[PDB]
Every structure is written in structure tokens, then in C-alpha cells.
Amino acid sequence: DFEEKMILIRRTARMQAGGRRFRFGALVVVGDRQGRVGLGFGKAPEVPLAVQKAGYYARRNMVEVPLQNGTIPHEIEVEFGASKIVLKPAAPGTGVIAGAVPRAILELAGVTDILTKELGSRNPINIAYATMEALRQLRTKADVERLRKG
RNA sequence: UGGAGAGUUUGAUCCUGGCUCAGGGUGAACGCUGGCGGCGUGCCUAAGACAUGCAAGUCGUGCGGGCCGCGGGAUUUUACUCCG
Ligand SMILES: NC[C@@H]1O[C@H](O[C@H]2[C@@H](O)[C@H](O[C@@H]3[C@@H](O)[C@H](N)C[C@H](N)[C@H]3O[C@H]3O[C@H](CO)[C@@H](O)[C@H](O)[C@H]3N)O[C@@H]2CO)[C@H](N)[C@@H](O)[C@@H]1O
Ligand SMILES: [Mg+2]
Ligand SMILES: [Mg+2]
Ligand SMILES: [Mg+2]
Ligand SMILES: [Mg+2]
Ligand SMILES: [Mg+2]
Ligand SMILES: [Mg+2]
């Protein structure tokens, strides 16, 4: 079992004859702090059920994060829709310098030392999806070598 | 060895997009408050106007004097005059 941080919860609303009718969404990261994180987005008529639903979804949605001493192999920019995330390696003693959303994700993947910047649409959902892709897309000297053989 | 973002357009959503804030800085000023020291710093305006004192002189080993004194001489008549 992993840690489960909740980034964003919000109440949405649909219209119906005589009144508005509310739903709830919840963004949840789950991770072990050792190279596995999962992002999950879950909606439901009550907050509780939505958070729970989200964690579940988050576990069905995990990722290889190739740490290298609390940080990442290289720099990556990822655009997701209009949201862009940059992710930069840092020596130790730096911290995770990042906004609320990518930080929670980087924390639970066991990144300890990383420089970020949100560019673009600063939309939480979309920033989180970009952060995931960004991690998702990390390679290392190892796998790159392996890719380039013949 | 270096990079955090948030609030606000909607019933709700995404995007655009402005506005606003959190940070650092100061020859400061204003309020409330005020114990000590060290080191810095102090007319941003009228390059307005200025009382009063002080702020560039020194050299007699370049030169000749004036003025106020004192001493010694040429003089034993008291006027004149040489030197220091
Ligand atoms: N007298 C007060 C004001 O002086 C002003 O003039 C001032 C300026 O001309 C000059 O002041 C200077 C200033 O220009 C420049 N920025 C340097 C420094 N800041 C000031 O310094 C001046 O005043 C300070 C004390 O205040 C003195 O210690 C300094 O030695 C003197 N030069 O000298 C005057 C003061 O010395 C205005 N004339 C007027 O508003 C009024 O005279
Ligand atoms: Mg784009
Ligand atoms: Mg924008
Ligand atoms: Mg409108
Ligand atoms: Mg509204
Ligand atoms: Mg904005
Ligand atoms: Mg002083």
C-alpha cells in the first residue's frame, strides 16, 4: 500500500428543471516514494466516494520513475493541451521546487531534489496529467543505450 | 548549484485574457512604538536667496624700505651721522 495525497477537489454542477444538481471531483496521487506514482481522477455525488474512487483509479494508473538519487535523469518539457510543465534535475540539498500540483506528484514518486516550472494554462488537472506524461517519458543512460544497438 | 505559484469572467467546464497578491530592494517619508553599542548613511525639492566665523598661502637662505624699541660708535657739544 502506497501513500495517497489529494491535490484538488471541486464541486461541479449540472442544470435541471427546478435547480442545480451537484457532482464532486477529486484528484488524487498515490505513491510509495520509491519510483511508483499514480494519478487518479474520480467523480461522484459525494466527496468521500469521489476521493476513494480516485485513489482506486490512481492505482490502476502507475508509472516507472527512474530516480537517480532523489532526482531525475534529465530535463523534459511536456505540453498537455495548453498546460506545459518543465522538469529539471537538481543536486541534493535543492528540495522539490514546484507548485502545489506537480510537487505532490514528484514527492510521492520519491523525488527529493528537482526544479520545475508551470508554463501555459495553470490548470491543475492538466498540469497533473502533464507531470505524469513527463515522468512517464523519462529515460536513462541504460535504456537509451539499449534503444541504440542494432 | 539554478527555475513554486494563487485569487478573480461560468449554473458549471476548457481556453484566451487583463487585473490583483505573495518575493527582493530603498539617500526614504508617514503612523504606533522605542533600551544599548559598532560601522555606515542623511536637501530626492529651489543650479532659490543668503546674516555671521572660518575655508590658500608661504619664502628674511632673492631685494630694498617704513614704523615702534634697545645697545654700541664718529662727538665732547648736543646739530648731524656710522654699525649692531
Ligand atoms: N539649506 C538647506 C537646503 O540647502 C540646499 O542646497 C544643498 C545642496 O546645494 C548641497 O547639498 C549637498 C547635495 O547637493 C548633494 N546631494 C550632496 C549632499 N547630499 C549635500 O551635502 C551638503 O549638505 C550636507 C548636509 O545636508 C553637507 O554635509 C554637505 O557637506 C553639503 N555639501 O549644499 C546645500 C546644502 O549644503 C538647497 N539650497 C535648499 O533646499 C536649502 O538651502
Ligand atoms: Mg498550445
Ligand atoms: Mg494564462
Ligand atoms: Mg462572459
Ligand atoms: Mg459566479
Ligand atoms: Mg489569470
Ligand atoms: Mg553615527
# chains A, B, ... in the order shown; residues from 1 in each chain; ligands from 1
>>> interface_residues(of="chain B", to="chain A", cutoff="8 Å", atoms="only C-alpha atoms (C1' of nucleotides)", output="list in words")
residues 1, 3, 4, 5, 11, 12 and 15 of chain B
>>> write_last_selection(atoms="N, CA and C atoms (P, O5', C5', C4', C3', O3' and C1' of nucleotides)", output="PDB file, in the first residue's frame")
ATOM      1  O5'   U B   1      25.717  25.685 -11.763  1.00  0.00           O
ATOM      2  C5'   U B   1      25.845  25.503 -10.325  1.00  0.00           C
ATOM      3  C4'   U B   1      24.544  25.790  -9.558  1.00  0.00           C
ATOM      4  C3'   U B   1      24.652  26.729  -8.350  1.00  0.00           C
ATOM      5  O3'   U B   1      23.415  27.369  -7.998  1.00  0.00           O
ATOM      6  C1'   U B   1      24.097  24.593  -7.561  1.00  0.00           C
ATOM      7  P     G B   3      16.477  28.925  -7.782  1.00  0.00           P
ATOM      8  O5'   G B   3      15.330  28.638  -8.849  1.00  0.00           O
ATOM      9  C5'   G B   3      14.684  29.753  -9.476  1.00  0.00           C
ATOM     10  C4'   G B   3      13.678  29.311 -10.499  1.00  0.00           C
ATOM     11  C3'   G B   3      12.783  28.125 -10.138  1.00  0.00           C
ATOM     12  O3'   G B   3      11.427  28.466 -10.410  1.00  0.00           O
ATOM     13  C1'   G B   3      13.555  27.940 -12.330  1.00  0.00           C
ATOM     14  P     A B   4      10.559  29.253  -9.330  1.00  0.00           P
ATOM     15  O5'   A B   4       9.700  28.085  -8.688  1.00  0.00           O
ATOM     16  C5'   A B   4       8.977  27.232  -9.569  1.00  0.00           C
ATOM     17  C4'   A B   4       7.633  26.949  -8.967  1.00  0.00           C
ATOM     18  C3'   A B   4       6.671  28.138  -8.903  1.00  0.00           C
ATOM     19  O3'   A B   4       5.377  27.772  -9.392  1.00  0.00           O
ATOM     20  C1'   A B   4       6.901  27.137  -6.780  1.00  0.00           C
ATOM     21  P     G B   5       5.081  27.698 -10.987  1.00  0.00           P
ATOM     22  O5'   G B   5       3.492  27.847 -11.074  1.00  0.00           O
ATOM     23  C5'   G B   5       2.578  27.136 -10.235  1.00  0.00           C
ATOM     24  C4'   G B   5       2.312  27.877  -8.952  1.00  0.00           C
ATOM     25  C3'   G B   5       0.969  28.554  -8.846  1.00  0.00           C
ATOM     26  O3'   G B   5      -0.082  27.652  -8.677  1.00  0.00           O
ATOM     27  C1'   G B   5       2.581  29.980  -7.943  1.00  0.00           C
ATOM     28  P     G B  11     -23.720  32.256 -14.288  1.00  0.00           P
ATOM     29  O5'   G B  11     -23.786  30.808 -13.643  1.00  0.00           O
ATOM     30  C5'   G B  11     -24.365  30.671 -12.345  1.00  0.00           C
ATOM     31  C4'   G B  11     -24.507  29.215 -12.022  1.00  0.00           C
ATOM     32  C3'   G B  11     -23.243  28.396 -12.224  1.00  0.00           C
ATOM     33  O3'   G B  11     -22.417  28.456 -11.051  1.00  0.00           O
ATOM     34  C1'   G B  11     -25.050  27.395 -13.397  1.00  0.00           C
ATOM     35  P     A B  12     -20.864  28.825 -11.206  1.00  0.00           P
ATOM     36  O5'   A B  12     -20.339  27.542 -11.996  1.00  0.00           O
ATOM     37  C5'   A B  12     -20.084  26.325 -11.284  1.00  0.00           C
ATOM     38  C4'   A B  12     -20.139  25.121 -12.194  1.00  0.00           C
ATOM     39  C3'   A B  12     -18.945  24.885 -13.111  1.00  0.00           C
ATOM     40  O3'   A B  12     -17.828  24.375 -12.424  1.00  0.00           O
ATOM     41  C1'   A B  12     -20.933  24.539 -14.318  1.00  0.00           C
ATOM     42  P     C B  15      -7.514  25.017 -19.249  1.00  0.00           P
ATOM     43  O5'   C B  15      -7.553  26.051 -20.453  1.00  0.00           O
ATOM     44  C5'   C B  15      -7.289  25.575 -21.784  1.00  0.00           C
ATOM     45  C4'   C B  15      -7.557  26.645 -22.819  1.00  0.00           C
ATOM     46  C3'   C B  15      -7.060  28.060 -22.574  1.00  0.00           C
ATOM     47  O3'   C B  15      -5.663  28.026 -22.776  1.00  0.00           O
ATOM     48  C1'   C B  15      -9.209  28.159 -23.476  1.00  0.00           C
TER      49        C B  15
END
>>> residues_around(residues="stretch 47-54 of chain A", least_positions_apart="5", cutoff="10 Å", atoms="only C-alpha atoms (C1' of nucleotides)", output="ChimeraX atom specification")
/A:4-6,8-11,23-30,39-42,59-60
>>> write_last_selection(atoms="C-alpha atoms", output="CSV table (one decimal), in the first residue's frame")
chain,number,residue,atom,x,y,z
A,4,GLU,CA,-2.4,8.7,-1.3
A,5,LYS,CA,-2.2,12.6,-1.4
A,6,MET,CA,-5.2,14.5,-2.6
A,8,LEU,CA,-7.7,19.1,-5.9
A,9,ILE,CA,-11.3,18.6,-5.0
A,10,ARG,CA,-14.0,20.7,-6.5
A,11,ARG,CA,-17.8,20.7,-6.9
A,23,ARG,CA,-21.3,16.5,-8.5
A,24,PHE,CA,-17.8,16.3,-7.0
A,25,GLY,CA,-14.4,15.6,-8.4
A,26,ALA,CA,-11.2,14.6,-6.7
A,27,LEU,CA,-7.7,14.4,-7.9
A,28,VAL,CA,-5.5,12.0,-6.1
A,29,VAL,CA,-1.9,11.0,-6.3
A,30,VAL,CA,-0.8,7.7,-4.9
A,39,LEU,CA,-2.7,9.9,-10.7
A,40,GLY,CA,-6.3,9.4,-10.5
A,41,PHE,CA,-9.4,11.4,-11.1
A,42,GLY,CA,-12.6,10.4,-9.7
A,59,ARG,CA,-3.5,2.6,-8.5
A,60,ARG,CA,-4.8,1.2,-11.9
>>> select_by_dssp(residues="stretch 19-146 of chain A", states="alpha helix (DSSP H)", output="CSV table (one decimal) with C-alpha atoms, in the first residue's frame")
chain,number,residue,atom,x,y,z
A,47,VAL,CA,-16.8,13.9,-1.7
A,48,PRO,CA,-15.8,10.8,0.3
A,49,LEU,CA,-16.9,8.5,-2.5
A,50,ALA,CA,-15.1,10.6,-5.1
A,51,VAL,CA,-11.7,10.6,-3.2
A,52,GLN,CA,-12.0,6.8,-2.7
A,53,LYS,CA,-12.9,6.4,-6.3
A,54,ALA,CA,-9.9,8.5,-7.3
A,55,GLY,CA,-7.3,6.5,-5.3
A,56,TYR,CA,-8.6,3.3,-6.9
A,57,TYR,CA,-8.2,4.8,-10.3
A,58,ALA,CA,-4.8,6.1,-9.3
A,59,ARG,CA,-3.5,2.6,-8.5
A,100,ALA,CA,1.3,22.5,-5.3
A,101,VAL,CA,0.3,20.1,-8.1
A,102,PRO,CA,3.5,18.8,-9.7
A,103,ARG,CA,5.1,18.8,-6.2
A,104,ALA,CA,2.6,16.3,-4.6
A,105,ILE,CA,3.3,14.0,-7.6
A,106,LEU,CA,7.0,14.4,-7.5
A,107,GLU,CA,7.0,13.9,-3.7
A,108,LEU,CA,5.2,10.6,-3.8
A,124,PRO,CA,-4.5,21.7,-12.0
A,125,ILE,CA,-6.0,18.7,-13.8
A,126,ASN,CA,-4.0,19.4,-16.9
A,127,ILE,CA,-0.8,20.3,-15.1
A,128,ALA,CA,-1.1,16.9,-13.3
A,129,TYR,CA,-1.6,15.0,-16.5
A,130,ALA,CA,1.5,16.6,-17.9
A,131,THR,CA,3.6,15.8,-14.9
A,132,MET,CA,2.6,12.2,-15.4
A,133,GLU,CA,3.4,12.1,-19.0
A,134,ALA,CA,6.7,13.9,-18.1
A,135,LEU,CA,7.7,11.2,-15.7
A,136,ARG,CA,6.2,8.6,-18.0
A,141,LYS,CA,21.6,6.1,-20.0
A,142,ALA,CA,20.8,2.4,-19.6
A,143,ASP,CA,17.5,2.3,-21.7
A,144,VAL,CA,18.8,4.8,-24.3
A,145,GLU,CA,21.9,2.6,-24.9
A,146,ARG,CA,19.5,-0.4,-25.2
>>> residues_near_ligand(ligand="ligand 1", cutoff="12 Å", atoms="only C-alpha atoms (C1' of nucleotides) and all ligand atoms", output="list in words")
residues 27, 41, 42, 43, 44, 45, 46, 47, 48, 49 and 50 of chain B
>>> atom_distance(atom1="atom CA of residue A:84", atom2="atom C1' of residue B:13")
19.7 Å
>>> residues_around(residues="residue B:8", least_positions_apart="3", cutoff="12 Å", atoms="only C-alpha atoms (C1' of nucleotides)", output="ChimeraX atom specification")
/B:17-21
>>> select_by_dssp(residues="stretch 64-126 of chain A", states="strand (DSSP E or B)", output="PyMOL selection string")
chain A and resi 64+76-80+83-89+96-97+114-120
>>> write_last_selection(atoms="N, CA and C atoms", output="PDB file, in the first residue's frame")
ATOM      1  N   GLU A  64       6.719   3.745 -13.875  1.00  0.00           N
ATOM      2  CA  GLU A  64       8.204   3.739 -13.745  1.00  0.00           C
ATOM      3  C   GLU A  64       8.687   5.166 -13.617  1.00  0.00           C
ATOM      4  N   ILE A  76      12.944  17.585 -19.160  1.00  0.00           N
ATOM      5  CA  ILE A  76      11.833  17.195 -20.024  1.00  0.00           C
ATOM      6  C   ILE A  76      10.883  18.341 -20.010  1.00  0.00           C
ATOM      7  N   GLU A  77      10.396  18.719 -21.178  1.00  0.00           N
ATOM      8  CA  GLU A  77       9.250  19.588 -21.258  1.00  0.00           C
ATOM      9  C   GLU A  77       8.121  18.761 -21.822  1.00  0.00           C
ATOM     10  N   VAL A  78       6.939  18.906 -21.221  1.00  0.00           N
ATOM     11  CA  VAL A  78       5.743  18.245 -21.730  1.00  0.00           C
ATOM     12  C   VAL A  78       4.600  19.212 -21.776  1.00  0.00           C
ATOM     13  N   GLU A  79       4.020  19.389 -22.970  1.00  0.00           N
ATOM     14  CA  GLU A  79       2.797  20.172 -23.152  1.00  0.00           C
ATOM     15  C   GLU A  79       1.588  19.232 -23.094  1.00  0.00           C
ATOM     16  N   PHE A  80       0.607  19.510 -22.249  1.00  0.00           N
ATOM     17  CA  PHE A  80      -0.665  18.732 -22.228  1.00  0.00           C
ATOM     18  C   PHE A  80      -1.884  19.630 -22.386  1.00  0.00           C
ATOM     19  N   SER A  83      -1.339  23.288 -21.118  1.00  0.00           N
ATOM     20  CA  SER A  83      -0.532  23.352 -19.928  1.00  0.00           C
ATOM     21  C   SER A  83       0.812  22.776 -20.267  1.00  0.00           C
ATOM     22  N   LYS A  84       1.883  23.459 -19.884  1.00  0.00           N
ATOM     23  CA  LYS A  84       3.228  22.958 -20.111  1.00  0.00           C
ATOM     24  C   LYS A  84       3.887  22.807 -18.778  1.00  0.00           C
ATOM     25  N   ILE A  85       4.685  21.768 -18.630  1.00  0.00           N
ATOM     26  CA  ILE A  85       5.444  21.550 -17.402  1.00  0.00           C
ATOM     27  C   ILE A  85       6.898  21.364 -17.782  1.00  0.00           C
ATOM     28  N   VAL A  86       7.798  22.056 -17.096  1.00  0.00           N
ATOM     29  CA  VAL A  86       9.194  21.698 -17.244  1.00  0.00           C
ATOM     30  C   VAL A  86       9.710  21.112 -15.938  1.00  0.00           C
ATOM     31  N   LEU A  87      10.643  20.190 -16.131  1.00  0.00           N
ATOM     32  CA  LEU A  87      11.149  19.331 -15.107  1.00  0.00           C
ATOM     33  C   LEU A  87      12.675  19.254 -15.265  1.00  0.00           C
ATOM     34  N   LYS A  88      13.382  19.661 -14.217  1.00  0.00           N
ATOM     35  CA  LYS A  88      14.827  19.799 -14.306  1.00  0.00           C
ATOM     36  C   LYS A  88      15.509  19.066 -13.168  1.00  0.00           C
ATOM     37  N   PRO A  89      16.628  18.414 -13.481  1.00  0.00           N
ATOM     38  CA  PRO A  89      17.367  17.753 -12.422  1.00  0.00           C
ATOM     39  C   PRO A  89      18.111  18.735 -11.512  1.00  0.00           C
ATOM     40  N   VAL A  96      12.321  19.974  -3.569  1.00  0.00           N
ATOM     41  CA  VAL A  96      11.420  19.894  -4.712  1.00  0.00           C
ATOM     42  C   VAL A  96      10.878  21.281  -4.876  1.00  0.00           C
ATOM     43  N   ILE A  97      11.340  21.993  -5.897  1.00  0.00           N
ATOM     44  CA  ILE A  97      10.811  23.328  -6.100  1.00  0.00           C
ATOM     45  C   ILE A  97       9.795  23.274  -7.230  1.00  0.00           C
ATOM     46  N   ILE A 114      14.612  18.607  -7.310  1.00  0.00           N
ATOM     47  CA  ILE A 114      14.072  18.820  -8.663  1.00  0.00           C
ATOM     48  C   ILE A 114      13.608  20.250  -8.834  1.00  0.00           C
ATOM     49  N   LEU A 115      13.911  20.855  -9.991  1.00  0.00           N
ATOM     50  CA  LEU A 115      13.450  22.215 -10.365  1.00  0.00           C
ATOM     51  C   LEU A 115      12.387  22.134 -11.441  1.00  0.00           C
ATOM     52  N   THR A 116      11.240  22.764 -11.191  1.00  0.00           N
ATOM     53  CA  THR A 116      10.124  22.734 -12.118  1.00  0.00           C
ATOM     54  C   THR A 116       9.733  24.144 -12.598  1.00  0.00           C
ATOM     55  N   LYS A 117       8.859  24.212 -13.596  1.00  0.00           N
ATOM     56  CA  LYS A 117       8.142  25.457 -13.893  1.00  0.00           C
ATOM     57  C   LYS A 117       6.855  25.127 -14.661  1.00  0.00           C
ATOM     58  N   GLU A 118       5.704  25.547 -14.132  1.00  0.00           N
ATOM     59  CA  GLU A 118       4.468  25.519 -14.924  1.00  0.00           C
ATOM     60  C   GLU A 118       4.464  26.703 -15.916  1.00  0.00           C
ATOM     61  N   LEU A 119       4.358  26.378 -17.192  1.00  0.00           N
ATOM     62  CA  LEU A 119       4.116  27.384 -18.216  1.00  0.00           C
ATOM     63  C   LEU A 119       2.772  27.079 -18.842  1.00  0.00           C
ATOM     64  N   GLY A 120       2.146  28.078 -19.417  1.00  0.00           N
ATOM     65  CA  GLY A 120       0.841  27.875 -20.038  1.00  0.00           C
ATOM     66  C   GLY A 120      -0.417  28.059 -19.185  1.00  0.00           C
TER      67      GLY A 120
END
>>> atom_distance(atom1="atom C1' of residue B:14", atom2="atom 1 (Mg, counted along the ligand's line) of ligand 2")
13.0 Å
>>> atom_distance(atom1="atom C1' of residue B:16", atom2="atom CA of residue A:7")
25.2 Å
>>> closest_residue(among="A:149, A:36, A:74, A:139", to="residue A:1", atoms="only C-alpha atoms")
A:36
>>> closest_residue(among="B:40, B:72, B:64, B:7", to="ligand 6", atoms="only C-alpha atoms (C1' of nucleotides) and all ligand atoms")
B:7
